[PDB]
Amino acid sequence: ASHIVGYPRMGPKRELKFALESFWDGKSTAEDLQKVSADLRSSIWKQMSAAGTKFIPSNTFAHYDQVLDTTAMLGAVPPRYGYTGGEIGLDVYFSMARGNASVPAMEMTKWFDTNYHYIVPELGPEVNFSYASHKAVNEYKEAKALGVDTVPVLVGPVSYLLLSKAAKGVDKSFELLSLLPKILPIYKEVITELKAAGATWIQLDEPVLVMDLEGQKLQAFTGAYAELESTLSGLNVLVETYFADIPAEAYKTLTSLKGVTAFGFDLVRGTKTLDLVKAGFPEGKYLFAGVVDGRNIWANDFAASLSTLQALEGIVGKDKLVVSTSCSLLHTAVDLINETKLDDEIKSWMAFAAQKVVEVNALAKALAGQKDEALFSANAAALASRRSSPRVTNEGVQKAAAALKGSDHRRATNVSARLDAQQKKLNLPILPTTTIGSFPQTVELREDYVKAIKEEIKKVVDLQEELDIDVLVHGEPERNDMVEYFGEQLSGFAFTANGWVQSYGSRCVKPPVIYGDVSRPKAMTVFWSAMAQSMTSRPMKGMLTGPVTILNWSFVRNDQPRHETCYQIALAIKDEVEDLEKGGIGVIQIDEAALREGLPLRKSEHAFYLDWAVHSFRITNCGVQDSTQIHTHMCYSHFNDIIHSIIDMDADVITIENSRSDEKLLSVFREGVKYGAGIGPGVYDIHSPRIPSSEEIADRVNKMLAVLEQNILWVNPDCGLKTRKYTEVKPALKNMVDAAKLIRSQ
C-alpha cells in the first residue's frame, strides 16, 4: 500500500504560524487557536486520504514540537514551572516551549542532521511521570470521526530518553536510560486507549537506531520492546528510522524486537541498509520503503524508484512491501502549487510535500498493476529536460575539473610569517577591536543607492567616533539574508515564493534552490565594500559568506555529491575575494556560520566531510596576497571535536563565540595544537538586550590573555548586531573599546 511517515504542520500559507503568534500576543483566544488547528489537521488528513494513501499519520501535528509533545504525554514538566498534575494544557505547554515573564523556556537543540530544532527534555531521578496529555488518542478519534482512520505516531520510549538530558543537579553518574521503568507504564496506558479507540496500526519513531550505538544501549531497546509486547498485542506495530542507514548490530536488534511487525527504512539517505536486508530479513514482516525524499525539493525518479521497489518485492512482495517517504515531510515545503513565479520548466523538476504524497501513491499503484501511464510520462519528460538542459550542466564543470590540483593551501608564507607583511600593510595596536558584520536595522524600504549609502556612513562615522574600533564594517544594510543576497547573484540558483520549512516554534526558513552549476557572473560585493573604504582612514573588511554555509542552508541538487557542488560555489566566491582585493580591500571576512551543519550522522563519515568542507574554504582565498588579511567567523563555542579542521582552514584571524563559556576551554588552541594565528572569542553576547559593563569585558579579556597568547588576541562581539537595538549596541561596544585601551595601558 502507501504510507507517509509525517507531515508539515504550519499550513500551505503558514496559517499555524500566525495563529500561534496571534494567540501569544493576545490578539486572539485559545479557542481561536484550536479552530485553526483542527481545520489544518482535517484538510491534511482528507488530503492524504483522497490521494489513496493507505497509512495516514496521526499525531504528527504539533503546536511547537513533537518531542515537547511526548514530554507533555509523560507529565515530565520541569520543577520551575510549578506544575501540579492533571491534563496539561496550552499554558504549561508554551510555558515549557517559550517560557514566561519569570521562568525561562526549555533548551532547544538540532534534530539529528536536519535544519529542525526540538526541545530537549530535562530528566532526573526526581521527576514524577504520568499520563498528562491525551493528544494522541484525541487526534485518532478526531480523524476517526471525520471518516479517515489513522496510524498514531509516537516518539519511541528509548529514543526519547536518548534524546533527553539530565536536569540541573542530577549527578554525573546518572544514566538516563534508567528511567525506562518509569515511562513504559505510560506508553502502555496510551497504547491501550488507542486500541480501545479502534486503532489497528501504530507507529513508533526510533530514529536513534541510525546513530552509532554501543551494545549496552542497543540492548535497552530489546528490553523495552519485550516489556511492551503484551500491550502491543493484536496491533500492527511499525518502528521507524530515518536520516541514515542502520548499523549492522543495530539492524540485528531492530529486526528482532518483540511486538514489532513492520520496519521503516530511509532509502534515500540510508540505502546502505539494503545490503543488510538482502543478507536477511524477518519472515512475514512488512517493509516500509522510504524512497520518496522527504528532505528535499526535487521530483522523484519514478523509474528508478520502481526498479528498487520491485527488487524489494522480490525479498517479500507478499503484500508486505509498503511504499513510503524517507522521512517526515516536516522537513520539506508544503505545496508546489503555490509557486506562481518559477518557470514551468524548473517547477517540473520539483515536488513539495503535497506532491510527494501523490508520488508515493502513484508508485504504489504501479506495483499493484495500475501504473498511471500519463504520470510516469511527464516524470520521465521532466527528468529528461533536467538532464539535458544547459541551465544545469555548464563549463564551470571544467573549471572544477582543474581544482583537483592536489590541495589549495594558501601561498606557503606560513600564516605566522604572513601576519608580518600584513601588520606592515596595516599596523594596529595589540588586542585590536572590531565587529562581526552587521548592525541594527531601522525603517526599511523595498535613488536607491543614496539611501543605502546614508545608512553606511552612519555605521562608519559611528565606528570611527565609537571610541575607536581599529577594524570597521559597512553594516550589511543592503543585505536581507546572508545566504540569499549572494545566491541571487549566482548562476545555479533559483528562489521560491512560498517554500517555507519549519525551523522551530513559529519560525520558518525559505531555503534558496541550487538547481545547476553555480558561477559568479559579475562583481557582487565590490561596489559597496569599495565605497565604504574611503569614508574612513581605517581598515574596511569586505564581507562574504563561505561556500559551506551557502550549501547547507539551501535545497541542494540531488544529482551530484554535495562537495562537488560546494567546490563550484567556492570557485565563484574565490573571484569576489580576488576582486575585493583588486578593489583595495586589504582585510576580508568570510563567515562559515553553518560549517558543522552538514556533519554526517555516521561518525566514521566525519573525516571526509570536514575535509572537502575545509578545502572549499581555502579554494576561496588560496590565491590572495600575503599582505591581504583573511578573517573567518563561525557560530560555535565547542571545538574539542573539530579543532584540527579550524586549523586546517588556515585563516589569518578567526572569530567564534564563547562569551558565556570558560576562557579556559580556549586551551584547546594550545596544548598539542600550537595554533598561533589571529583569533578572538566573544566578549559581548549579542543575544541579550542587556549591557555588559566595561569591567566585565576587560575581565574576560585578561582571562583569555592568560590562556590564549596576547600576541594575537582580538576583541569582538559574539556575532552580528542585526537582532540587537542601537540603544543596546551603542554603550556595550564603547565598553569593549575602553576595556581594551585599559588592558592596553598595561
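Position 1 is the first residue in the sequence shown; the rest follow in order.
In terms of unmodelled positions of the deposited sequence, the chain runs continuously from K172 to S173 in this entry. According to the PDB record, 474-482 carries the higher mean C-alpha B-factor of the two stretches 474-482 and 345-353. Comparing the deposited coordinates for 265-273 and 395-403, the stretch with the larger average C-alpha B-factor is 395-403. Note on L213, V155, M535, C566: the highest value goes to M535, judged by CA B factor as recorded. You'll see in the entry that, of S604, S416, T200, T496, the Cα B factor peaks at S416.
Compared with the other modelled residues of the chain, the Cα B-factor recorded for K424 ranks in the highest third. Sorting the modelled residues of the chain by their CA temperature factor places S688 in the highest third. In this PDB entry, the Cα temperature factor of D65 sits in the bottom third of its chain's modelled residues, the lowest group. Among the modelled residues of its chain, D662 has a C-alpha B-factor that falls in the highest third according to the deposited record.
Among the modelled residues of the chain, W528 sits in the highest third by CA temperature factor in this PDB entry.
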